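Structure first, then comments.
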Ligand SMILES: COc1cc2c(cc1OC)CN(CCc1ccc(NC(=O)c3cccc4c(=O)c5cccc(OC)c5[nH]c34)cc1)CC2
Ligand SMILES: COc1cc2c(cc1OC)CN(CCc1ccc(NC(=O)c3cccc4c(=O)c5cccc(OC)c5[nH]c34)cc1)CC2
Ligand SMILES: COc1cc2c(cc1OC)CN(CCc1ccc(NC(=O)c3cccc4c(=O)c5cccc(OC)c5[nH]c34)cc1)CC2
Ligand SMILES: CC(C)CCC[C@@H](C)[C@H]1CC[C@H]2[C@@H]3CC=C4C[C@@H](O)CC[C@]4(C)[C@H]3CC[C@]12C
Ligand SMILES: CC(C)CCC[C@@H](C)[C@H]1CC[C@H]2[C@@H]3CC=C4C[C@@H](O)CC[C@]4(C)[C@H]3CC[C@]12C
Ligand SMILES: CC(C)CCC[C@@H](C)[C@H]1CC[C@H]2[C@@H]3CC=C4C[C@@H](O)CC[C@]4(C)[C@H]3CC[C@]12C
Ligand SMILES: CC(C)CCC[C@@H](C)[C@H]1CC[C@H]2[C@@H]3CC=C4C[C@@H](O)CC[C@]4(C)[C@H]3CC[C@]12C
Ligand SMILES: CC(C)CCC[C@@H](C)[C@H]1CC[C@H]2[C@@H]3CC=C4C[C@@H](O)CC[C@]4(C)[C@H]3CC[C@]12C
Ligand SMILES: CC(C)CCC[C@@H](C)[C@H]1CC[C@H]2[C@@H]3CC=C4C[C@@H](O)CC[C@]4(C)[C@H]3CC[C@]12C
Ligand SMILES: CC(C)CCC[C@@H](C)[C@H]1CC[C@H]2[C@@H]3CC=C4C[C@@H](O)CC[C@]4(C)[C@H]3CC[C@]12C
Ligand SMILES: CC(C)CCC[C@@H](C)[C@H]1CC[C@H]2[C@@H]3CC=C4C[C@@H](O)CC[C@]4(C)[C@H]3CC[C@]12C
Ligand SMILES: CC(C)CCC[C@@H](C)[C@H]1CC[C@H]2[C@@H]3CC=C4C[C@@H](O)CC[C@]4(C)[C@H]3CC[C@]12C
Ligand SMILES: CC(C)CCC[C@@H](C)[C@H]1CC[C@H]2[C@@H]3CC=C4C[C@@H](O)CC[C@]4(C)[C@H]3CC[C@]12C
Ligand SMILES: CC(C)CCC[C@@H](C)[C@H]1CC[C@H]2[C@@H]3CC=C4C[C@@H](O)CC[C@]4(C)[C@H]3CC[C@]12C
Ligand SMILES: CC(C)CCC[C@@H](C)[C@H]1CC[C@H]2[C@@H]3CC=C4C[C@@H](O)CC[C@]4(C)[C@H]3CC[C@]12C
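Residue numbers (this note's numbering), protein chains in the order written: chain A, 358 to 539; chain B, 1170 to 1815; chain C, 959 to 1171.
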């Protein structure tokens, strides 16, 4: 029942650069036969997860030399030398030493690193009550999140469904507040 | 000068034709039984391997016995079918051959008594009557069934291999030609072994019978001259025998090495395919065993064609004669070979090593299959399979070397002993007196057969016996010990059928090998043909011949059925051994008292150990006859004459 | 070319049962186990169990024992995973992977299926409610509320306005989905546009023009 912990849930990278994804196990993954059975798979949206690395460092047949694996014990690392456009996805690790329960890592999505940005936070009163907040282009509550756009690689909403003071705090890591009265 | 193919069965009626047709049908059915058995064996091996892999995976056999009941049923069904088919084939072909040979004998003697005085040509006619009909019998008898059974085995094995795994089937096809060629050479050497031993001595036998046919030699005092004349041809015969002991043994050792190298190559490629995930170990077993046994059988059935051609040749003259329309129309023994202890030591060592080759093969085979009945790292599995393939190749090399060495050493010791015994016997006979030569127990024929047979049979009570016993011990004793170490319950069960498996091997070797009154009337008629044709006793002599043939005819017609049933039962026992052994093995593996590796080890070391024991013991000569001939030779050597002429 | 083709996405009702498939091609089917894995949204993959493609022997995770059943059809060389008494916590993406029988757990899951999306919900078909959103550059947008099931092909000006649009993914709001859309256009074009929502499952087409407050 090994609990595999992937250190970076999200990892922003850039084209033609090195990326490193870490994996930590709650128990030593070295087998009695001297081998460590940790494998790295890549999963793209809507496609089957593809085996990249197996047994810590061995490259699967067909995988380019871009991908390398290292580590031992309870600390492993997958390294991509030059992040190409065909490498964006979810990289997850998997152990096979301690079964029946095959366990997998949480996964690591590769975001594309660009310049920092600030959201264009706007609000809208109802036109059934429902106040919406649109936080576009940044780097009873119900939230949704868009994916990284292909053009500028930027994220973009909230909905609350009395009191006249209705505000929305946008405490980004770069706070912004927008207010409106009925 | 041979007769037509469809002219040799001219004396076969509707019953003989039906016998031949049903016999070849049953022979095809019997030949198609071993590849089907290998298919079932591969499926059962796959069951065992999958169960073992799943058990090794879920560490931290519930359907095995139920699944093995079905395969025991399949084994038993194939065994009963093989029983029936082999009985039908053997019995029917034997019956057809016997009836046709009876008719041929009667017609030949009828025509011989019908010839003219100007026709009556030699000796030669008697030898024709007693040997050409036996040649026809050997040619039109069980050997046609052998040929059809082996053709069926070859075709069925290759069809099974191609339908089960065509890549491995092609890989073993690439070596099938040399396998069939080695099997054919093996069969030819085994079939023409005694005839060549007679041909080697045929030169010295003429000098022996000419000198012994003796008063002139005693009077003129040329005993030393004739002794050296005999000793020269004895040297020649000994040289020819040593050359044969080299050649036959190196050929059969090359055949053994080829078998084991085929094992090595086929298992290396099959383990590659299994580790790649394309094949299963049971599929590999099925393909390999089917194709290999078929390729061996297709070469094993090569002396049948030679026997058929010899039958045509022998029947040509007989049919010409019977179609002639004449004008008129009316410690003490071992000491004898004590000077060959350097040969005997090497022979015993090589026989020990050769006998120990079967348990070593059992161990290596069980280990290479048990590699795939457990789960492990891919690299570890590949390394183990490579090591065991190399071990198969080493087994083959050691088999070649030790087989050739044992054969050559024992054959050279036997040839030296035979030459020495013949020389001393001829010297003591030349030293004897006319009072000894007049004794009607000392006939010229009896003395010549003492020189030709007894002197050549004494080695059967020393080297042959010692080699056979040593090999059979080093094989079966070590196999039984290892099987008791690894799985004593399965060993105790298989010990009950060990004797039947050894007897099956013996009976099958004798079956592949093919192992008085009427002759007297015939030779008297041929010798006194002038007086017979004067007294017009042709029809009466025909009657006496036909009445003297009746008891041998009935004996042959009964021995047909007897040998058919015993051969079929001994063949079906080899099939029932699978069912019994692997049913008990399924029980013991499900109850965790043993593993499939140890089951395979016990099987291969006990069942096939006993089969090899039987195959080897089929070559052992008669020990009682050998000791009687040794006593005869010793008394003639130690006989001292009264009127000494030396 | 090893391929493990899985069935399409399936939307079922709560408490019912459903059987998903994984058809293998390009290799010896009977030499591998087929493992089943479950991935919920925002969660790591979780191993359900495996079946032997040789005879059909199964092993289940102790959590899923009883509510999942593995079967195999060696003729068509397919594996099947059947649920029993489905529930909301069963809505996830289910993958099939192959594992060599010769090296169990000593060898990775080399090939996987593309995944089968199973959405379990008891709600019935509903009509989407469209609500414009205008302020008190100009940002506008019409929100879709209380529709079922997926999807709704929202569009701005029937495709003639495809730049500066942000259609956020639909999120479940008490057995009914909610979707939003944003459009930022220069201050000259508004209030001097129309959003079209199309729900094919209910066969609804609603066109709404944004009007200033
Ligand atoms: C009819 O021909 C022959 C007759 C004889 C001999 C050789 C012949 O032919 C070469 C050797 N004489 C001397 C005693 C003697 C010494 C050693 C052996 N041990 C062997 O392993 C052997 C040796 C020769 C041939 C074979 C096989 O063919 C053979 C075939 C299948 C299976 C076998 O074992 C598993 C075989 N084993 C042998 C046998 C016997 C006895 C008479
Ligand atoms: C380790 O694995 C394996 C090992 C082995 C085998 C298979 C394996 O794996 C599948 C096959 N064995 C196979 C042995 C093997 C070879 C050849 C034969 N032919 C004959 O006897 C034979 C055939 C035809 C005509 C005649 C005769 O006119 C004849 C006349 C007189 C005396 C004879 O003899 C005593 C005669 N004999 C024959 C039998 C048996 C070898 C070892
Ligand atoms: C129903 O079974 C059988 C029926 C018959 C025979 C053999 C059978 O069993 C294989 C022999 N036939 C006549 C041709 C003939 C002669 C000899 C052989 N020599 C061998 O195969 C063999 C030799 C030595 C060692 C071993 C093994 O350590 C061994 C271990 C596991 C499995 C095996 O084989 C499936 C093994 N084999 C052998 C084959 C064929 C007549 C009927
Ligand atoms: C397994 C099956 C197919 C075998 C069938 C074999 C049949 C066709 C054979 C086997 C023994 C044969 C019998 C043997 C002897 C005789 C005596 C003879 O004066 C007339 C024919 C007759 C009565 C034969 C008839 C056909 C027969 C019964
Ligand atoms: C005289 C008679 C027995 C000759 C005919 C031989 C027959 C019975 C043999 C020859 C080839 C054999 C087939 C070879 C391969 C396979 C595929 C396997 O997955 C099932 C059995 C099956 C389908 C075999 C059935 C039996 C078979 C058809
Ligand atoms: C002399 C012979 C014909 C007697 C009868 C033998 C019968 C019972 C045997 C011979 C070959 C056997 C077959 C060999 C192989 C297989 C494939 C396996 O996956 C299922 C069983 C099956 C299909 C066997 C069924 C039983 C079978 C047909
Ligand atoms: C003529 C002599 C030397 C050889 C006779 C047998 C030949 C035709 C056989 C024996 C081994 C066979 C090869 C065995 C395995 C493979 C791999 C497969 O993916 C393609 C076919 C291929 C490459 C086969 C081609 C045909 C082959 C070379
Ligand atoms: C000279 C006679 C007696 C024997 C000839 C044996 C030949 C045909 C055998 C021996 C070794 C065999 C090769 C062994 C391994 C491989 C690799 C595999 O991926 C394709 C087939 C291939 C390339 C085989 C082809 C056939 C082969 C070359
Ligand atoms: C069947 C007859 C005609 C020929 C057999 C000889 C050839 C084809 C076989 C016999 C033993 C075999 C070898 C056994 C073991 C090994 C070690 C492994 O790490 C690589 C392959 C290699 C080196 C095999 C190559 C093929 C081989 C050399
Ligand atoms: C000749 C008689 C008296 C005894 C014969 C003993 C034989 C069968 C025994 C003795 C020692 C054994 C070997 C001991 C160890 C190994 C290493 C293992 O990884 C493969 C088997 C192998 C190579 C064994 C093969 C069988 C073997 C050679
Ligand atoms: C586990 C141990 C005790 C097993 C010992 C097995 C012994 C007793 C067996 C194995 C091989 C056997 C021999 C095999 C062949 C022959 C030739 C025959 O013409 C006389 C018996 C004789 C000479 C047998 C005697 C008994 C024998 C030596
Ligand atoms: C050569 C023979 C006669 C030696 C004597 C043993 C023979 C008779 C065989 C036949 C049946 C066999 C038994 C069959 C089943 C079992 C149950 C198992 O859990 C232990 C072994 C045991 C008890 C076997 C012992 C050996 C046994 C008794
Ligand atoms: C329990 C142990 C000792 C094994 C049992 C002994 C077996 C293998 C022995 C005991 C008696 C032996 C038989 C004794 C005599 C002959 C006649 C000979 O022309 C061929 C071998 C043959 C047929 C032997 C075969 C092997 C044999 C059956
Ligand atoms: C009398 C002649 C023809 C045969 C003598 C041996 C017979 C009776 C023996 C040999 C092997 C035996 C089989 C071995 C194993 C099993 C499996 C078991 O679950 C049911 C009985 C069954 C199927 C046996 C039936 C009887 C059997 C076929
Ligand atoms: C008589 C001997 C020499 C040959 C035939 C052996 C046969 C009859 C033997 C060998 C193994 C045996 C089986 C071994 C174990 C069990 C389990 C037990 O709970 C019921 C009987 C059963 C199923 C036996 C039935 C008989 C059996 C199949």
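Beta carbons: idealized from backbone N, C-alpha and C, even for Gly.
At a cut-off of 8 Å between C-beta atoms, residue 1577 of chain B does not count as an interface residue with respect to chain C.
DSSP, reduced to helix, strand and coil, places residue 1500 of chain B outside both helices and strands of the structure shown, so it counts as coil. Chain-order list of chain A residues neighbouring residue 1126 of chain C: 501, 502, 503, 513 and 514, by C-beta distance under 8 Å. Unbroken alpha helix (DSSP H) stretches of 4 residues or longer found wholly inside the segment 1203–1288 of chain B: 1203–1226 and 1233–1282, given in chain order.
When C-alpha distances from residue 1084 of chain C are compared across C:1031, C:1098 and C:1107, the shortest belongs to C:1107. In this structure, DSSP gives residue 1412 of chain B a helical state, which the three-state scheme calls helix.
Residue 1624 of chain B has its Cβ no nearer than 7 Å to any heavy atom of ligand 11. Under the 10 Å beta carbon count, residue 1005 of chain C is surrounded by 16 or more other beta carbons and is classified as buried. When C-alpha distances from residue 1715 of chain B are compared across B:1739, B:1737, B:1445 and B:1686, the shortest belongs to B:1686. With fewer than 16 other Cβ atoms from the protein chains shown falling within 10 Å of its own Cβ, residue 1363 of chain B counts as exposed. Relative to the Cα of residue 1601 of chain B, the nearest Cα in the group B:1233, B:1810 and B:1269 belongs to B:1810. Excluding residues up to 5 positions away in sequence, 1075 lie with their Cβ nearer than 6 Å to the Cβ of residue 967 of chain C in the same chain.
Set against 7 Å, the gap from the CB of residue 1523 of chain B to the closest heavy atom of ligand 11 is not smaller. Nearest Cα to residue 1801 of chain B within the set B:1437, B:1592, B:1624 and B:1336: B:1624. Closer than 8 Å at the C-beta level to chain C, one finds these residues of the segment 1534–1551 of chain B: 1541, 1544, 1545, 1546, 1547 and 1550. In the three-state reduction of the DSSP assignment, residue 481 of chain A falls in the strand class, which pools E and B. Taking 7 Å as the cut-off, one finds at least one heavy atom of ligand 1 near enough to the beta carbon of residue 1579 of chain B. In this structure residue 489 of chain A does not touch residue 1139 of chain C by the C-beta definition: roughly 11 Å separates them, more than the 8 Å allowed.
Per DSSP, the unbroken alpha helix (DSSP H) holding residue 1804 of chain B starts and ends at 1792–1807. Bridge partners of residue 535 of chain A according to DSSP: A:525. In terms of side-chain proximity, the C-beta atom of residue 1661 of chain B is found nearer than 7 Å to a non-hydrogen atom of ligand 12. Residue 1316 of chain B sits close to residue 1470 of chain B, with the two beta carbons spaced by under 8 Å. Residue environment for residue 1390 of chain B: exposed (fewer than 16 other C-beta atoms within 10 angstroms of its C-beta). In this structure, residue 1472 of chain B has its beta carbon at no less than 7 Å from each heavy atom of ligand 10. Within the chosen limit of 7 Å, ligand 8 does not reach the beta carbon of residue 1424 of chain B with any heavy atom.
Chain C has no Cβ within less than 8 Å of the Cβ of residue 1454 of chain B.
Per DSSP, the unbroken alpha helix (DSSP H) holding residue 1528 of chain B starts and ends at 1526–1539. Residues of the same chain with a CB within less than 7 Å of the CB of residue 1091 of chain C, apart from the 5 flanking positions on each side, are 1098, 1099, 1100 and 1101 in chain order.
A distance filter of 6 Å between CB atoms and the heavy atoms of ligand 7 selects the following residues in sequence order: B:1336, B:1339, B:1340, B:1342 and B:1343.
In this structure, the CA atom of residue 1086 of chain C is about 11 Å from the CA atom of residue 1112 of chain C.
Only 456 and 457 from the segment 453–466 of chain A bring a Cβ to less than 9 Å from some Cβ of chain B. In the three-state DSSP reduction, residue 1750 of chain B falls in the helix class (H, G or I). Short of 7 Å from the beta carbon of residue 1234 of chain B, and not among the five residues preceding or following it, lie these beta carbons of its own chain, in chain order: 1755, 1756 and 1759. About 12 Å separates the CB atoms of residue 1396 of chain B and residue 1373 of chain B; that is not less than 8 Å, and the two are not in contact. A check of alpha carbon separations from residue 1134 of chain C across C:1168, C:1020, C:1080 and C:1009 identifies C:1080 as the nearest. By alpha-carbon distance to residue 526 of chain A, the top candidate from A:508, A:491, A:504 and A:505 is A:491.
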